[PDB]
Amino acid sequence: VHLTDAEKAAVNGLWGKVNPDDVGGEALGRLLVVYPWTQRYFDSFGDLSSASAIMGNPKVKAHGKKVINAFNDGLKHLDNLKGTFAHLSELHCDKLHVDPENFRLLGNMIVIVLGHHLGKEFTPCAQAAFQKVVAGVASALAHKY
């Protein structure tokens, strides 16, 4: 991860004005709708039968908060993405058996909820800064396979 100074202030500044709780529940929300094989991994969240069922579902929102707080960690400790995510990488490998391709997929869901959310402030410059982080956060969760 590079993350230059003007590339650093774009991230923490634009992250400034998103509600993290909704970014998380909505990204997790969208992922399951756009990629329905991801529902199998979350068999424990009740039914997920339609676009509605998987959006009012309190358990999806709840999980997507635990997701966003870890992502918030990412930002705090960009020195060591791998250290921060050592435990969680182990979890998603030894006990969940999630193919790493699924990480960049969710990464992308955060990427476009941010754009959906922030409007014409999610400039190509802003996006790129976020790309490198979500990319960094993705291979962080993969280094234990």
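Counting begins at 1, following the sequence as shown.
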Comparing mean C-alpha B factor in the record for 27 to 35 and 62 to 70, the higher one is 62 to 70
As the entry reports it, the stretch among 128 to 136 and 11 to 19 with higher mean C-alpha B factor is 11 to 19
Among 110, 105, 78, 118, the highest C-alpha B-factor in the PDB entry belongs to 78
By the entry's values, the third containing the CA B factor of residue 86 is the highest
Split the chain's modelled residues into thirds by Cα B-factor; residue 100 lands in the lowest
Residue 55: C-alpha B-factor third of its chain, per the entry, is the middle
